[PDB]
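Heads up: the structure comes next, in structure tokens.
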Amino acid sequence: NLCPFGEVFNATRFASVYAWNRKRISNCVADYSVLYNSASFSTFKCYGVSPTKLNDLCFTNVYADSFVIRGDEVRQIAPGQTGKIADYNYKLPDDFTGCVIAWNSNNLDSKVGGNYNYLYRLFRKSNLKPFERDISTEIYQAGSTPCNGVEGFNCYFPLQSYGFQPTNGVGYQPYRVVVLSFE
Amino acid sequence: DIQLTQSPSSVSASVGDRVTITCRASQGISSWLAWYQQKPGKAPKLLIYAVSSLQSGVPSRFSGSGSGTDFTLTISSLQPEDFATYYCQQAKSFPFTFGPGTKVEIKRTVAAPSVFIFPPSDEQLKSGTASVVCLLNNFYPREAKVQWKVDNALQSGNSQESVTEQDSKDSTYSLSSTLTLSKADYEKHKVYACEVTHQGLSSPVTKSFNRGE
Amino acid sequence: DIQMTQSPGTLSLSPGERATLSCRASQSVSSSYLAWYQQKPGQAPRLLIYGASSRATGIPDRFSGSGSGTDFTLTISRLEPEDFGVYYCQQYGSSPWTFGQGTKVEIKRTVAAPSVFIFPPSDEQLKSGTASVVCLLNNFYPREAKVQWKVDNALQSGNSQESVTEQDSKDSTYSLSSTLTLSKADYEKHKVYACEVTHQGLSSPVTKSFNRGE
Amino acid sequence: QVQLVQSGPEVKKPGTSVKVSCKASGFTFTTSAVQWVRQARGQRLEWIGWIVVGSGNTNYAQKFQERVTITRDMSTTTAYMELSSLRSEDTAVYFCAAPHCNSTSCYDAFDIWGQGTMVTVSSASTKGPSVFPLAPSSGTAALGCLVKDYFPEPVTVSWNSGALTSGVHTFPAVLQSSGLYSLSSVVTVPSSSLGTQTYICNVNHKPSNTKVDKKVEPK
Amino acid sequence: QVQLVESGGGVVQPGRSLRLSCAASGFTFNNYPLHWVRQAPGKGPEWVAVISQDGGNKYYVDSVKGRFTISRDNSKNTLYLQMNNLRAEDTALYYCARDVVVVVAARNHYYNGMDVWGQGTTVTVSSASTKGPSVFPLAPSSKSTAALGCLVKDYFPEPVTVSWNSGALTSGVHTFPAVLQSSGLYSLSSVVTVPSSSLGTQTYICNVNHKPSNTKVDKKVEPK
Ligand SMILES: *[C@@H]1O[C@H](CO[C@@H]2O[C@@H](C)[C@@H](O)[C@@H](O)[C@@H]2O)[C@@H](O[C@@H]2O[C@H](CO)[C@@H](O)[C@H](O)[C@H]2NC(C)=O)[C@H](O)[C@H]1NC(C)=O
Ligand SMILES: *[C@@H]1O[C@H](CO)[C@@H](O)[C@H](O)[C@H]1NC(C)=O
């Protein structure tokens, strides 16, 4: 009785951070020891549960949230963080019990001239609640004058493209992130 | 260096048919692939970019799909101005590589080639060179095999072929094969023949002549 | 592009009067995307009114705004001495965010004739091989003034340049400086150098001259 | 201090490029926008283009689509304006303007403005001015100084080291066909004081480090 | 109209140089990167080089790396390809093309294909001397609809133009593409199918025109 970890980490295409995808995993034995021992994963950090002592633990359900950001933003996928991703795209609660795994995906998600497939929310009037998912494309009204669906001064599109390039700095290269939560 | 392979290499379709062309990449290239249409004597024309984004002006009967290593170009109802060679190009990294192309050919009835052989002219023999030409006129399909035999001796490496584009009137092809010998070698033999095997011919057709007569 | 035209070109008004400036668009524009700016010489533009009728922060309440569509108005109820400058209107709704050509609000005054002075080229400059004769028109109103150089009764053209100061903050007059430039060779070929000044305050053109040497 | 500070004066040869900086302060740069406007000496305001700070998206005018590219750097809270292939027609003063915004909302107009950046484009070289005296003619008399042949702008002129201000007119400089500037500064004084009051104009030209104090004499 | 016109091609010996130009009009030139694509006779297109909008980035295929140099003059709306140390495998028709700029969320993304192509300019790298063709008759057979034609043999460079009876005879004419022989000269055949009855009562003249050598040869094709 194994798990779909194979098709979640080694998936062909990931989702944008603003439209983060969630896979549900309930009752299947897994070996998180081959992942902690892997140099492929640039980030393996767990909260509320030790990353070493992980295989013994048992919880009723496991959620696998996956998305793509850039390297400088991987520090925001943690409880009590602030920034573009944490405030407007993906917020982890303070009492989050799980792990955050990330690896550099430059060879897959970067294109010469810039990739147009991965977006991130740039404007929002209020911060996201923990595990909230916002995919609305409403024109952000930054001023008092109401936008009527048309962009302009103080009327901007809420989503922006990363424009991933292979020549970008490693801080700006694409990173695929997988967030495991245990309830 | 990203390679691209297309299948099939040729397609014989008719007006209204649903034609699908595939493009396979040696590595995953996400949604960064384009499709081009090219007619003889003209620059390539962009039809689709980003897998499934129809270029402005291209009729909606053209469509595209795919992701990663496999991509598809579909023509719902083929129109007469769609018979051309189609190429797929990836844009993940430089160098931008193209596919080998797939030629969309007009389907028609099998027609056997009319075979004619021509001895070298007397004026050319005065130049010290002899050229024997074998003409395959108005046939279908394009596939054809020509063998030169000099006194029943099969030749190899001393002939060149040339095929016309598909005819705009009868959708047939024409082939011209030239055997080139020196005047010394040409006058050492008597019988010159080109044996033509073709799909419309139940058996190889041979046109010959005897040097002089 | 949307063309913005302003009027008047120069608004000559007395301190304490009510000023009215106009801003015209070549097509109907949103009232919430028009602004009025004030600019003083050597300074950056300063936002006065935006949204056609929304006073900016710190702008006095004597500044007002009205209009809709293609016609807009900037009204100053009581004109203060610190308000005499240049005013621009810009629409920032449809790109490009075009500006108007500007309206100069000057202090109106009574006609004052200029005091005219002529200056021969200094002996130090003559040592350099070039001669510069200067004609000063001092403290006059209105700004319009005409200077003609005459060298041995020969009217000059194409060898002179003018410069006008901003309106004075105390007597509301302007000053003009015109420079005639000749080489040392051509300067010594003539004897009488004079500049003729024509102005509204002069009943007839005034001529100030000097004799080369004496 | 809701501020918007720009680069210093620039003097470039024709055919080169200039990049003017514009740094924000007081408000949160990340959510505002910055437009660029130029003004030639004595001309109107010409809108060049604007940029959204958060996204970097740009809109340019037709007349600047070819040689201007507007950028920004949210780390250094600064926006830039690159002007390629300079020519004499580009000699003007360039302003940057932005609405001040907090973390979520913006002002409804361009209320914050920069001090302005003057860009001079010509083949001229730095040169100090030659100051010649405008002597008074032999109840009120006029005298002054001729600040001739300098580059680039500007010069500053004072009379009696700042003591004499009444009746002083320092005219704006004209650009001669030689590429150099000429400036005259005059003062009107009573005719009686000509023999018992020394008049000295103080000409300072910072680009050439020239400090000339010239005394005007009644011949 | 959006248009790209290239020029500057021609015949050149191996090891020597050539400079291609590309004249653009109908679009803002400096907002688009530009590609050079070549296509050998009978083969598919091969991307050669690209240059960014401002000229700061340049990429080349390994085949031309170190020999070719791409450049652009945004003030003149002109693209250039400087070809040095040319080889035989450089012979192709050279197009200049405009980059496909994908816009998502008002952001531009470059290097996504080529949408506007030029007509192409031909370069030919060969050490062969310019030579007009010999025109030999392919006489119709005695009894073997009959076929006759002309053999246009040994000419350089491309192309020739072949008409029959000064263009009056067009029905049934097949002018084949030329083959490149091992000698470096081109050979070509142009044939026509006619009724056997007309062989003794209708002359057939093929007209071969070769501008590079300033030769026009007309050959009378008659039965033996
Ligand atoms: C961020 O600012 C908005 C709007 O502020 C307006 O614009 C500023 C430039 C300044 O001129 C303010 O005086 C303006 O009010 C704040 O939103 C406003 O909040 C008040 C609170 O009661 C409300 O009455 C208004 O309707 C709101 N207006 C808008 C346009 O939202 C907002 O609270 C500020 N946020 C923070 C964190 O300070
Ligand atoms: C991913 O693929 C690698 C091989 O490339 C394999 O070793 C690894 O176990 C895989 N992991 C998952 C989670 O699919």
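Starting from 1 in every chain, residues are counted up; chains themselves are A, B, ... following the order of the structure tokens, and ligands are numbered from 1 as listed.
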9 Å contact set for residue 137 of chain A, only C-alpha atoms, chain neighbours under 2 positions out, as a short mmCIF file (atom, residue, chain, number, x, y, z; two decimals) with C-alpha atoms, in the first residue's frame:
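Listed below is the output, selection19.cif:
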data_model
loop_
_atom_site.label_atom_id
_atom_site.label_comp_id
_atom_site.auth_asym_id
_atom_site.auth_seq_id
_atom_site.Cartn_x
_atom_site.Cartn_y
_atom_site.Cartn_z
CA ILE A 135 -8.20 33.23 -8.25
CA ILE A 139 -9.38 44.86 -11.68
CA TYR A 140 -7.73 46.16 -8.52
CA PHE A 157 -4.50 43.91 -13.22
CA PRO A 158 -4.17 41.89 -9.98
CA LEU A 159 -1.99 39.10 -11.42
#
Contacts of residue 161 of chain C at 12 Å (only C-alpha atoms; same-chain gap of 4+ positions) as an mmCIF file with N, CA, C and O atoms, in the first residue's frame:
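Writing done, so here's around_29.cif:
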data_model
loop_
_atom_site.group_PDB
_atom_site.id
_atom_site.type_symbol
_atom_site.label_atom_id
_atom_site.label_comp_id
_atom_site.auth_asym_id
_atom_site.auth_seq_id
_atom_site.Cartn_x
_atom_site.Cartn_y
_atom_site.Cartn_z
ATOM 1 N N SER C 132 31.025 93.548 -28.442
ATOM 2 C CA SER C 132 29.652 93.326 -28.006
ATOM 3 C C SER C 132 29.072 94.640 -27.509
ATOM 4 O O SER C 132 29.544 95.190 -26.509
ATOM 5 N N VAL C 133 28.051 95.138 -28.202
ATOM 6 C CA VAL C 133 27.341 96.349 -27.807
ATOM 7 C C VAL C 133 26.011 95.940 -27.190
ATOM 8 O O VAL C 133 25.254 95.165 -27.787
ATOM 9 N N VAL C 134 25.723 96.461 -26.000
ATOM 10 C CA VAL C 134 24.568 96.047 -25.212
ATOM 11 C C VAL C 134 23.597 97.213 -25.088
ATOM 12 O O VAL C 134 24.009 98.362 -24.888
ATOM 13 N N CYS C 135 22.306 96.911 -25.213
ATOM 14 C CA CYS C 135 21.227 97.879 -25.053
ATOM 15 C C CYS C 135 20.294 97.361 -23.968
ATOM 16 O O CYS C 135 19.770 96.247 -24.079
ATOM 17 N N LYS C 146 10.369 96.362 -28.747
ATOM 18 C CA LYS C 146 11.068 96.188 -30.014
ATOM 19 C C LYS C 146 12.397 96.926 -29.965
ATOM 20 O O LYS C 146 12.441 98.107 -29.605
ATOM 21 N N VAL C 147 13.475 96.231 -30.324
ATOM 22 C CA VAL C 147 14.820 96.797 -30.349
ATOM 23 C C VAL C 147 15.399 96.615 -31.745
ATOM 24 O O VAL C 147 15.394 95.501 -32.283
ATOM 25 N N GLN C 148 15.895 97.705 -32.327
ATOM 26 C CA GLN C 148 16.565 97.675 -33.620
ATOM 27 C C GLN C 148 17.926 98.341 -33.495
ATOM 28 O O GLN C 148 18.034 99.441 -32.944
ATOM 29 N N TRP C 149 18.957 97.678 -34.010
ATOM 30 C CA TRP C 149 20.319 98.191 -33.978
ATOM 31 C C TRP C 149 20.631 98.905 -35.285
ATOM 32 O O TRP C 149 20.328 98.390 -36.366
ATOM 33 N N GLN C 156 20.647 96.777 -38.486
ATOM 34 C CA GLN C 156 21.240 95.452 -38.384
ATOM 35 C C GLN C 156 20.155 94.386 -38.302
ATOM 36 O O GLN C 156 19.034 94.642 -37.852
ATOM 37 N N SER C 157 20.503 93.178 -38.739
ATOM 38 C CA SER C 157 19.575 92.055 -38.699
ATOM 39 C C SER C 157 20.371 90.760 -38.719
ATOM 40 O O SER C 157 21.302 90.616 -39.517
ATOM 41 N N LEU C 176 14.661 93.962 -20.438
ATOM 42 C CA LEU C 176 15.147 93.322 -21.652
ATOM 43 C C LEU C 176 16.602 93.701 -21.886
ATOM 44 O O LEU C 176 17.009 94.835 -21.618
ATOM 45 N N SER C 177 17.380 92.744 -22.388
ATOM 46 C CA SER C 177 18.789 92.953 -22.702
ATOM 47 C C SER C 177 19.063 92.415 -24.098
ATOM 48 O O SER C 177 18.889 91.218 -24.348
ATOM 49 N N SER C 178 19.497 93.294 -24.998
ATOM 50 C CA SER C 178 19.813 92.932 -26.374
ATOM 51 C C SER C 178 21.293 93.181 -26.625
ATOM 52 O O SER C 178 21.819 94.238 -26.258
ATOM 53 N N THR C 179 21.959 92.211 -27.247
ATOM 54 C CA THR C 179 23.399 92.258 -27.470
ATOM 55 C C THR C 179 23.683 92.210 -28.964
ATOM 56 O O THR C 179 23.294 91.253 -29.643
ATOM 57 N N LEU C 180 24.363 93.236 -29.470
ATOM 58 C CA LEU C 180 24.836 93.251 -30.847
ATOM 59 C C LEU C 180 26.275 92.753 -30.882
ATOM 60 O O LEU C 180 27.128 93.251 -30.141
ATOM 61 N N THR C 181 26.542 91.775 -31.744
ATOM 62 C CA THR C 181 27.836 91.105 -31.793
ATOM 63 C C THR C 181 28.483 91.347 -33.147
ATOM 64 O O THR C 181 27.961 90.910 -34.178
ATOM 65 N N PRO D 172 18.240 86.079 -18.033
ATOM 66 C CA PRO D 172 18.499 84.690 -18.419
ATOM 67 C C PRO D 172 19.424 84.625 -19.623
ATOM 68 O O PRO D 172 19.384 85.474 -20.517
ATOM 69 N N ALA D 173 20.265 83.597 -19.636
ATOM 70 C CA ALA D 173 21.318 83.488 -20.633
ATOM 71 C C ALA D 173 20.763 83.056 -21.985
ATOM 72 O O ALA D 173 19.753 82.352 -22.076
ATOM 73 N N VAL D 174 21.443 83.491 -23.043
ATOM 74 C CA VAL D 174 21.126 83.094 -24.409
ATOM 75 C C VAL D 174 22.218 82.158 -24.907
ATOM 76 O O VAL D 174 23.384 82.256 -24.506
ATOM 77 N N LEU D 175 21.832 81.236 -25.786
ATOM 78 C CA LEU D 175 22.750 80.252 -26.349
ATOM 79 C C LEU D 175 23.237 80.754 -27.704
ATOM 80 O O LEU D 175 22.472 80.786 -28.673
ATOM 81 N N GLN D 176 24.509 81.137 -27.769
ATOM 82 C CA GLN D 176 25.083 81.652 -29.001
ATOM 83 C C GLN D 176 25.272 80.526 -30.015
ATOM 84 O O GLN D 176 25.216 79.336 -29.690
ATOM 85 N N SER D 177 25.499 80.920 -31.271
ATOM 86 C CA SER D 177 25.743 79.944 -32.326
ATOM 87 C C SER D 177 27.062 79.206 -32.139
ATOM 88 O O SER D 177 27.252 78.143 -32.739
ATOM 89 N N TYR D 181 27.222 80.117 -23.808
ATOM 90 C CA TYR D 181 26.189 80.984 -23.264
ATOM 91 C C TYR D 181 26.746 82.371 -22.970
ATOM 92 O O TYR D 181 27.938 82.542 -22.702
ATOM 93 N N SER D 182 25.861 83.364 -23.025
ATOM 94 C CA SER D 182 26.179 84.735 -22.654
ATOM 95 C C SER D 182 25.088 85.265 -21.736
ATOM 96 O O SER D 182 23.901 85.018 -21.964
ATOM 97 N N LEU D 183 25.496 85.994 -20.701
ATOM 98 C CA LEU D 183 24.574 86.493 -19.693
ATOM 99 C C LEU D 183 24.998 87.894 -19.280
ATOM 100 O O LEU D 183 26.190 88.173 -19.134
ATOM 101 N N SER D 184 24.016 88.772 -19.100
ATOM 102 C CA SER D 184 24.258 90.134 -18.652
ATOM 103 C C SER D 184 23.462 90.402 -17.383
ATOM 104 O O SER D 184 22.294 90.014 -17.277
#
Between atom CA of residue 49 of chain D and atom CA of residue 107 of chain E, distance in Å (one decimal):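 So the two atoms, atom CA of residue 49 of chain D and atom CA of residue 107 of chain E, lie 16.2 Å apart.
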What are the closest atom pairs, with distances in Å to one decimal, for each residue of chain D lying within 7 Å of ligand 1, using only C-alpha atoms and all ligand atoms, rows by chain and rising residue number, as CSV?
residue,atom,partner,partner_atom_place_in_ligand_line,distance
D:100,CA,ligand 1,9 (C),6.2
D:101,CA,ligand 1,9 (C),5.9
D:102,CA,ligand 1,1 (C),5.0
D:103,CA,ligand 1,37 (C),6.0
D:104,CA,ligand 1,1 (C),5.6
D:105,CA,ligand 1,2 (O),4.8
D:106,CA,ligand 1,9 (C),5.6
D:107,CA,ligand 1,9 (C),4.4
For segment 60-70 of chain E, please output as a ChimeraX atom specification all residues within 6 Å (counting only C-alpha atoms; exclusion window: fewer than 5 positions along the same chain). /B:95 /E:48-49,80-84
Could you list, as a VMD selection string, all protein and nucleic acid residues with an atom at most 9 Å from ligand 2, counting only C-alpha atoms and all ligand atoms? chain A and resid 4 to 11 34 to 35
Output for the residues just chosen: N, CA and C atoms as a short mmCIF file (atom, residue, chain, number, x, y, z; two decimals), in the first residue's frame:
data_model
loop_
_atom_site.label_atom_id
_atom_site.label_comp_id
_atom_site.auth_asym_id
_atom_site.auth_seq_id
_atom_site.Cartn_x
_atom_site.Cartn_y
_atom_site.Cartn_z
N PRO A 4 0.70 8.35 -3.62
CA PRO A 4 0.92 9.04 -4.90
C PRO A 4 2.01 10.10 -4.82
N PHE A 5 2.94 9.97 -3.87
CA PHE A 5 4.05 10.91 -3.79
C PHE A 5 4.80 10.99 -5.12
N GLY A 6 4.84 9.89 -5.87
CA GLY A 6 5.53 9.89 -7.14
C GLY A 6 4.96 10.89 -8.13
N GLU A 7 3.63 10.93 -8.24
CA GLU A 7 2.96 11.81 -9.19
C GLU A 7 2.72 13.21 -8.64
N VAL A 8 3.02 13.47 -7.37
CA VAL A 8 2.85 14.81 -6.82
C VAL A 8 4.15 15.61 -6.89
N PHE A 9 5.28 14.99 -6.56
CA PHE A 9 6.56 15.69 -6.64
C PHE A 9 7.10 15.72 -8.06
N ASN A 10 7.12 14.56 -8.73
CA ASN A 10 7.65 14.44 -10.08
C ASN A 10 6.58 14.70 -11.14
N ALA A 11 5.60 15.56 -10.85
CA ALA A 11 4.55 15.88 -11.81
C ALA A 11 5.10 16.66 -13.00
N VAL A 34 13.65 9.02 2.71
CA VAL A 34 14.34 9.17 1.43
C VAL A 34 14.22 10.58 0.87
N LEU A 35 13.33 11.40 1.43
CA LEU A 35 13.19 12.79 1.01
C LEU A 35 14.08 13.72 1.82
#
Report as a ChimeraX atom specification all protein, DNA and RNA residues lying within 9 Å of residue 12 of chain B, evaluated on only C-alpha atoms, omitting residues in the same chain fewer than 6 positions from it. /B:103-108
In segment 97-211 of chain D, DSSP strand (DSSP E) residues written as a PyMOL selection string: chain D and resi 97-98+112-113+117-121+130-134+140-150+156-159+168-170+174-175+181-190+199-205+210-211
List the spatial neighbours of residue 132 of chain B as a CSV table (one decimal) with N, CA, C and O atoms, in the first residue's frame - criterion: any atom at most 12 Å away, only C-alpha atoms, same-chain residues fewer than 4 positions off excluded.
chain,number,residue,atom,x,y,z
B,116,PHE,N,10.0,7.7,-71.1
B,116,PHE,CA,10.7,8.0,-72.3
B,116,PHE,C,12.2,8.1,-72.0
B,116,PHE,O,12.6,8.6,-71.0
B,117,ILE,N,13.0,7.5,-72.9
B,117,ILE,CA,14.5,7.5,-72.8
B,117,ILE,C,15.0,8.3,-74.0
B,117,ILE,O,14.5,8.3,-75.1
B,118,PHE,N,16.1,9.0,-73.7
B,118,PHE,CA,16.7,10.0,-74.7
B,118,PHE,C,18.2,9.7,-74.8
B,118,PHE,O,18.9,9.8,-73.7
B,119,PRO,N,18.7,9.3,-75.9
B,119,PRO,CA,20.2,9.2,-76.1
B,119,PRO,C,20.9,10.5,-76.0
B,119,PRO,O,20.2,11.6,-76.2
B,120,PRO,N,22.2,10.6,-75.8
B,120,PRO,CA,22.9,11.9,-75.8
B,120,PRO,C,22.9,12.4,-77.2
B,120,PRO,O,23.1,11.7,-78.2
B,121,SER,N,22.8,13.7,-77.3
B,121,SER,CA,22.7,14.4,-78.6
B,121,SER,C,24.1,14.3,-79.2
B,121,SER,O,25.2,14.2,-78.6
B,124,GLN,N,26.4,17.1,-78.0
B,124,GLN,CA,27.0,16.9,-76.7
B,124,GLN,C,28.1,15.9,-76.8
B,124,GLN,O,29.2,16.0,-76.1
B,125,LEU,N,28.0,14.8,-77.6
B,125,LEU,CA,29.1,13.9,-77.8
B,125,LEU,C,30.3,14.5,-78.3
B,125,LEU,O,31.4,14.1,-78.0
B,148,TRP,N,19.2,2.3,-64.0
B,148,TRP,CA,19.9,2.3,-65.3
B,148,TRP,C,20.7,1.0,-65.5
B,148,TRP,O,21.4,0.5,-64.6
B,149,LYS,N,20.5,0.5,-66.7
B,149,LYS,CA,21.2,-0.8,-67.1
B,149,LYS,C,21.9,-0.5,-68.4
B,149,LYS,O,21.3,-0.2,-69.4
B,150,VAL,N,23.3,-0.7,-68.4
B,150,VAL,CA,24.1,-0.5,-69.6
B,150,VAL,C,24.6,-1.9,-70.0
B,150,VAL,O,25.5,-2.5,-69.4
B,158,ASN,N,26.2,7.0,-60.6
B,158,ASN,CA,26.5,7.9,-61.7
B,158,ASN,C,25.2,8.4,-62.3
B,158,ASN,O,25.1,8.6,-63.5
B,159,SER,N,24.1,8.6,-61.5
B,159,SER,CA,22.9,9.1,-61.9
B,159,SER,C,22.3,10.1,-60.9
B,159,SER,O,22.6,10.0,-59.7
B,160,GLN,N,21.5,11.0,-61.3
B,160,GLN,CA,20.9,12.0,-60.4
B,160,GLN,C,19.4,12.1,-60.8
B,160,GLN,O,19.0,12.0,-62.0
B,176,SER,N,12.7,13.2,-63.6
B,176,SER,CA,13.8,13.2,-64.6
B,176,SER,C,15.0,12.7,-64.0
B,176,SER,O,15.6,13.2,-63.1
B,177,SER,N,15.5,11.6,-64.6
B,177,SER,CA,16.8,10.9,-64.1
B,177,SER,C,17.8,11.0,-65.3
B,177,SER,O,17.5,10.6,-66.4
B,178,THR,N,19.0,11.4,-65.0
B,178,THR,CA,20.0,11.6,-66.0
B,178,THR,C,21.2,10.7,-65.6
B,178,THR,O,21.8,10.8,-64.5
B,179,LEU,N,21.6,9.9,-66.6
B,179,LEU,CA,22.8,9.1,-66.5
B,179,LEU,C,23.9,9.8,-67.2
B,179,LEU,O,23.8,10.1,-68.4
B,180,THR,N,25.1,9.9,-66.5
B,180,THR,CA,26.2,10.7,-67.1
B,180,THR,C,27.4,9.8,-67.2
B,180,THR,O,27.9,9.3,-66.2
B,181,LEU,N,27.9,9.6,-68.4
B,181,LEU,CA,29.1,8.9,-68.7
B,181,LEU,C,30.0,9.8,-69.6
B,181,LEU,O,29.5,10.7,-70.2
B,182,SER,N,31.3,9.4,-69.6
B,182,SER,CA,32.2,10.0,-70.5
B,182,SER,C,32.0,9.4,-71.9
B,182,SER,O,31.4,8.4,-72.1
B,183,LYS,N,32.4,10.2,-72.9
B,183,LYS,CA,32.2,9.7,-74.3
B,183,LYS,C,33.0,8.4,-74.5
B,183,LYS,O,32.5,7.6,-75.3
B,186,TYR,N,30.7,5.7,-72.9
B,186,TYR,CA,29.4,5.6,-73.6
B,186,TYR,C,29.6,4.7,-74.9
B,186,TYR,O,28.7,4.0,-75.3
B,191,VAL,N,23.6,-1.2,-75.4
B,191,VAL,CA,22.2,-1.1,-75.0
B,191,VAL,C,22.1,-0.3,-73.7
B,191,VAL,O,22.8,-0.5,-72.7
B,192,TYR,N,21.3,0.8,-73.8
B,192,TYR,CA,21.0,1.7,-72.7
B,192,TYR,C,19.6,1.7,-72.3
B,192,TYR,O,18.7,2.0,-73.2
B,193,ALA,N,19.2,1.4,-71.1
B,193,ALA,CA,17.8,1.2,-70.7
B,193,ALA,C,17.6,1.7,-69.3
B,193,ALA,O,18.5,1.5,-68.4
B,194,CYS,N,16.5,2.3,-69.0
B,194,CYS,CA,16.1,2.7,-67.6
B,194,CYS,C,14.8,1.8,-67.3
B,194,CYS,O,13.8,1.9,-68.0
B,207,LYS,N,12.4,1.1,-71.0
B,207,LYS,CA,12.6,1.8,-72.2
B,207,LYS,C,14.1,1.8,-72.6
B,207,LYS,O,14.9,2.2,-71.7
B,208,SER,N,14.4,1.3,-73.7
B,208,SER,CA,15.8,1.1,-74.1
B,208,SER,C,16.1,1.7,-75.5
B,208,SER,O,15.1,2.0,-76.3
B,209,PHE,N,17.3,1.8,-75.8
B,209,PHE,CA,17.8,2.1,-77.2
B,209,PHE,C,19.2,1.5,-77.4
B,209,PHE,O,19.9,1.3,-76.5
B,210,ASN,N,19.5,1.3,-78.7
B,210,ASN,CA,20.8,0.8,-79.1
B,210,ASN,C,21.6,2.0,-79.6
B,210,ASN,O,21.1,2.7,-80.5
B,211,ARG,N,22.8,2.2,-79.1
B,211,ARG,CA,23.7,3.3,-79.4
B,211,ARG,C,23.8,3.4,-80.9
B,211,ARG,O,24.5,2.6,-81.6
E,136,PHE,N,21.3,21.1,-74.9
E,136,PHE,CA,21.3,20.0,-75.8
E,136,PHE,C,19.9,19.5,-76.0
E,136,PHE,O,19.1,19.4,-75.0
E,137,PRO,N,19.6,19.1,-77.2
E,137,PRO,CA,18.2,18.6,-77.5
E,137,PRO,C,18.0,17.2,-77.0
E,137,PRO,O,18.8,16.3,-77.2
E,138,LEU,N,16.8,17.0,-76.4
E,138,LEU,CA,16.3,15.6,-76.2
E,138,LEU,C,15.3,15.4,-77.3
E,138,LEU,O,14.1,15.6,-77.1
E,139,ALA,N,15.7,14.8,-78.4
E,139,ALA,CA,14.9,14.7,-79.6
E,139,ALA,C,13.8,13.7,-79.4
E,139,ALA,O,14.0,12.7,-78.7
E,150,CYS,N,14.8,19.7,-73.6
E,150,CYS,CA,16.1,20.3,-73.7
E,150,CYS,C,16.9,19.9,-72.4
E,150,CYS,O,16.3,19.9,-71.3
E,151,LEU,N,18.2,19.6,-72.6
E,151,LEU,CA,19.1,19.4,-71.4
E,151,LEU,C,19.9,20.6,-71.2
E,151,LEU,O,20.8,21.0,-72.0
E,189,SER,N,16.7,19.8,-66.8
E,189,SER,CA,16.0,19.3,-68.0
E,189,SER,C,14.5,19.9,-68.0
E,189,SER,O,13.9,20.0,-67.0
Select, as a short mmCIF file (atom, residue, chain, number, x, y, z; two decimals) with N, CA and C atoms, in the first residue's frame, those residues of chain A with any atom no more than 9 Å from chain D (distances computed using only C-alpha atoms).
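Okay, part.cif is ready:
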data_model
loop_
_atom_site.label_atom_id
_atom_site.label_comp_id
_atom_site.auth_asym_id
_atom_site.auth_seq_id
_atom_site.Cartn_x
_atom_site.Cartn_y
_atom_site.Cartn_z
N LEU A 122 -0.58 40.21 -7.38
CA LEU A 122 0.21 41.39 -7.06
C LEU A 122 -0.50 42.37 -6.15
N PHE A 123 -1.83 42.48 -6.25
CA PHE A 123 -2.60 43.40 -5.43
C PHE A 123 -3.78 42.69 -4.79
N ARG A 124 -4.11 43.10 -3.57
CA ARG A 124 -5.29 42.63 -2.86
C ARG A 124 -5.53 43.57 -1.69
N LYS A 125 -6.81 43.88 -1.43
CA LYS A 125 -7.13 44.87 -0.40
C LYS A 125 -6.95 44.30 1.01
N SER A 126 -7.09 42.99 1.18
CA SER A 126 -6.92 42.37 2.48
C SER A 126 -6.09 41.11 2.33
N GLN A 141 -8.78 48.19 -7.71
CA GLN A 141 -8.98 49.63 -7.56
C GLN A 141 -8.05 50.14 -6.47
N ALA A 142 -6.98 50.82 -6.87
CA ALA A 142 -6.03 51.38 -5.91
C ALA A 142 -6.39 52.78 -5.45
N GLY A 143 -7.23 53.50 -6.21
CA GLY A 143 -7.66 54.82 -5.85
C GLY A 143 -9.10 54.86 -5.38
N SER A 144 -9.62 56.09 -5.27
CA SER A 144 -11.02 56.26 -4.92
C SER A 144 -11.93 56.17 -6.14
N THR A 145 -11.44 56.55 -7.31
CA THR A 145 -12.26 56.48 -8.52
C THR A 145 -12.47 55.02 -8.91
N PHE A 153 -4.64 54.39 -14.73
CA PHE A 153 -4.07 54.99 -13.53
C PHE A 153 -4.85 54.54 -12.31
N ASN A 154 -4.14 53.95 -11.34
CA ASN A 154 -4.72 53.38 -10.13
C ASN A 154 -5.73 52.28 -10.44
N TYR A 156 -5.14 48.53 -11.93
CA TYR A 156 -4.14 47.59 -12.41
C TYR A 156 -4.70 46.17 -12.37
N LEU A 159 -2.98 40.15 -11.24
CA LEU A 159 -1.99 39.10 -11.42
C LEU A 159 -0.82 39.61 -12.26
N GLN A 160 0.37 39.11 -11.95
CA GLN A 160 1.56 39.42 -12.72
C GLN A 160 2.36 38.16 -12.99
N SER A 161 3.04 38.14 -14.13
CA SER A 161 3.81 36.99 -14.57
C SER A 161 5.22 37.05 -14.00
#
